[PDB]
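Residue numbers (the entry's author numbering), protein chains in the order written: chain A, 131 to 266, 277 to 337, 351 to 512; chain B, 131 to 266, 277 to 337, 351 to 512.
Contents: one structure, followed by commentary.
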Ligand SMILES: CCCCCCCC/C=C\CCCCCCCC(=O)OCC(COC(=O)CCCCCCC/C=C\CCCCCCCC)OC(=O)CCCCCCC/C=C\CCCCCCCC
Ligand SMILES: CCCCCCCC/C=C\CCCCCCCC(=O)OCC(COC(=O)CCCCCCC/C=C\CCCCCCCC)OC(=O)CCCCCCC/C=C\CCCCCCCC
Ligand SMILES: CCCCCCCC/C=C/CCCCCCCC(=O)O
Ligand SMILES: CCCCCCCC/C=C/CCCCCCCC(=O)O
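Structural data, given as structure tokens:
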């Protein structure tokens, strides 16, 4: 119902880390870790911002081809090829910029995350436009496309949802939490995650890392997406179901992200059901279009020659079936326990630590 | 909705304590800590069991006086005095037995907890009988009284609730969790709680202790009370609301225990409202009849000459008002945070550690 358990965890982290949290150079800088930890003005991030602004051209090209389809000369497969090559360049060019230019913990990662979101939205816009035009005013269309692009959803036509209320003027009650919460992660990386500045100990290494993920889940999904929905007055405000109450790893993927789940359902599962392709390949396709966006986020900025996250995400397809069998045999409690163990030992948070140890 | 966060905490405790949990003398004894940790047959617990069986006489005396009130010779205030002295002896005699006889972590504590429950039930039976008789078959009355005494509620007349279904035959799916869960606490006391086998560190001492309480809240309220209700086919099965989602310490007392909350509401708040006594004294009375039952549980078996838990519980009356003002000023999130901090530093779990450090 509320975040009481999260408040308990935050209070526990504050209490156990009493020597450093309470005693720190707070006379001039109230930040827990450093005055400028995640990034600073010294970094040459201006090309990254310039390319982020320039990334808006691909939506403009999608708009112009979608407007140009009304002409009789242009046909369907040429438009499909144009959409495919526009989407391919939209993912290729940021990768080239990130490889050639420098990167950081947040400076280079944000370029890749926006690229995946725009790619998913660009595919979503094209597929929805094709579906709408299949059945037998520039300003309104451009406004709708811009609202879809800025809104916190991966599905076109967000008009049906409507907030129907004035946005909260006192948003600083929420936003002020975020800058505080991102401080705590800045502490947690400093103390717990520091390998080099009996049979195995990776589980002992997985205890703090999963706490970084959930906090990273709280900063983005709970706070930032709700702020985006409220500022834009978007109707729906349910970006994730109770993913922690997942009987298996298969159910976690449906609950942890509702925009991504809905995109996968409407674009990868729905046409496969319409095309008579059983949901045995759709799972691989869904996980293929998730790993490519969970590997470009983490491998592209830093070095990449081993322990690729693509294989880690692709390994989930055995794991969802294995956990489904295990929970169906041993009950919901055992299913939740083995799901948490799998998420700790071979889950998403472990991929970040595998790359941190590499660099 | 489920215990996914609790499963996450259990998996985290297993992962961080990988050296001892995985590697242990499990060839002959599968218990985590010791073959006989909490108690053993060597302890002379037979007098304690004999007195626990003998404790059932006070309900029989309550029954016999309640049956004898129908006679014209006996009056009301003599019956009230008989109920008062019977309740007083019912709490005095177990205290005398525990002081004279030996005690342990669980051997002596269980004698005191049953005494408080029977005292609350005996007062509840007498007050309800007086209310029923105020307005103008031995076997059925005895059966109803026995069902009330064994049932997991502190209020008389549990007949209106009804399970109306057959109890779960495969109860071992639940009971087998409990003996496992009590094992984990047996580990947690061993490693974390071991003081003697900068400005302050009590917060660092409060981090594990609150985890012992919540697990102790899971073993008793979630599992044992539900098992008692299902075996006896008792209707209501809501022994606690979302106490973790408490904006203040005042709301925690209402949510953490529904039988005790209902007893306090029906016996201490309701007649005070009927008697025109404002709810400013009822809170002190409610906490006076809670501290006496949170001090006899912990001080009576072990030594008691300082740091009495009665003063600790009585100190809550300032704290509920202070936390109400603080949360009303600073919002629900700040209220939950300061509630968790107060519960860590001066809450119920700290009282147990204060006595553990003493002995
Ligand atoms: C040039 C400056 C731009 C800078 C950003 C300004 C944003 C406003 C944006 C765009 C205008 C550009 C116009 C161009 C195209 C417009 C199309 C577009 O992308 O806009 C819509 C989009 C915007 O919001 C974002 O998510 C964008 C990403 C921003 C956040 C990254 C920020 C810094 C790094 C880490 C943050 C630390 C983490 C705490 C968050 C605290 C901070 C928040 O939202 C959605 O619709 C998506 C629907 C939601 C589902 C998407 C799949 C979710 C999957 C996975 C992650 C799972 C783990 C969570 C955390 C992941 C990160 C570790
Ligand atoms: C001779 C052998 C008897 C031995 C026990 C057999 C029980 C069956 C009983 C009785 C027949 C006797 C006939 C004589 C009179 C009958 C009247 C009577 O008392 O029966 C009803 C009663 C029974 O259940 C109990 O609670 C009794 C206590 C038993 C548990 C203690 C056990 C060992 C120590 C610790 C356990 C470790 C903790 C994990 C639990 C794992 C184990 C479970 O239940 C209720 O109705 C109460 C309504 C619920 C509200 C009461 C207020 C709650 C407040 C606070 C505690 C808050 C913290 C929780 C944990 C507290 C402990 C740390
Ligand atoms: C130096 C920078 C190091 C960065 C390492 C940590 C990066 C954290 C990444 C977060 C998880 C990535 C999730 C991406 C989801 C994309 C959308 C999709 O799922 O399809
Ligand atoms: C050696 C034994 C040491 C025991 C120390 C720990 C005891 C734990 C006690 C649990 C909390 C007590 C709660 C009692 C509630 C009684 C009913 C009421 O609230 O009115």
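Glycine included, every Cβ here is placed at the ideal spot set by N, Cα and C.
Residue-chain proximity (residue i, chain A), Cβ-Cβ < 7 Å
i	result
residue 357/B	yes
residue 395/B	yes
residue 316/B	no
residue 134/B	yes
residue 142/B	yes
residue 362/B	no
residue 506/B	no
residue 334/B	no
residue 222/B	no
residue 138/B	yes
Residue i: first and last residue of the uninterrupted alpha helix (DSSP H) it sits in
i	result
residue 231/B	Element bounds for residue 231/B: n/a, residue is neither H nor E.
residue 443/A	435-448
residue 375/B	Per DSSP, residue 375/B belongs to no alpha helix (DSSP H) and is neither H nor E.
residue 137/A	134-146
residue 415/B	411-417
residue 255/B	237-264
residue 201/B	Counting along the chain, residue 201/B falls outside any alpha helix (DSSP H), and DSSP gives it neither H nor E.
residue 469/A	469-499
residue 457/B	Note, residue 457/B: premise wrong, no alpha helix (DSSP H); not H, not E.
residue 323/A	312-331
residue 396/A	Careful: residue 396/A lies outside any alpha helix (DSSP H) and carries neither H nor E.
residue 156/B	Neither: residue 156/B is in no alpha helix (DSSP H) and is coded neither H nor E.
residue 174/B	From DSSP, residue 174/B is part of no alpha helix (DSSP H); its letter is neither H nor E.
residue 423/B	423-427
residue 280/A	278-290
CB contact below 7 Å: residue i versus chain B
i	result
residue 246/A	no
residue 510/A	no
residue 131/A	yes
residue 347/A	Chain A lacks the residues between 337 and 351, and residue 347/A is one of those with no coordinates.
Beta-carbon spacing of residue i, residue j below 7 Å
i	j	result
residue 394/B	residue 408/B	yes
residue 252/A	residue 316/A	no
residue 413/A	residue 472/A	no
residue 242/A	residue 450/A	yes
residue 236/B	residue 168/B	yes
residue 221/A	residue 245/A	yes
residue 382/A	residue 292/A	yes
residue 225/B	residue 209/B	no
residue 327/A	residue 174/A	no
residue 372/A	residue 318/A	yes
residue 254/A	residue 294/A	yes
residue 421/A	residue 439/A	yes
residue 488/B	residue 400/B	yes
residue 249/B	residue 217/B	yes
- [ ] For the region 488-500 of chain A, enumerate the residues whose C-beta is nearer than 7 Å to any C-beta of chain B, in chain order.
- [x] Here the close residues are 489, 490, 493, 494, 497.
Task: Contacting positions in the region 145-160 of chain B - beta carbon closer than 8 Å to chain A - done: Cβ contacts with chain A come from 145, 146, 148, 149, 153.
Open item on the list: To be precise: take each residue of the region 389-421 of chain B, compare its Cβ to all Cβ atoms of chain A, and keep it if any distance is under 8 Å. Which residues remain?
Closed with: For the region 389-421 of chain B, the set of positions with a beta-carbon nearer than 8 Å to some beta-carbon of chain A reads 395, 397, 398, 399 in chain order.
TODO: Scan the region 457-490 of chain A for residues whose Cβ lies nearer than 8 Å to a Cβ of chain B and list them as they occur along the chain.
DONE: For the region 457-490 of chain A, the set of residues with a beta-carbon nearer than 8 Å to any beta-carbon of chain B comprises 484, 485, 486, 489, 490, in chain order.
Task: Residues of the region 302-329 of chain A with Cβ closer than 9 Å to any Cβ of chain B, in chain order - done: Under the 9 Å Cβ criterion, the region 302-329 of chain A contributes 313, 317.
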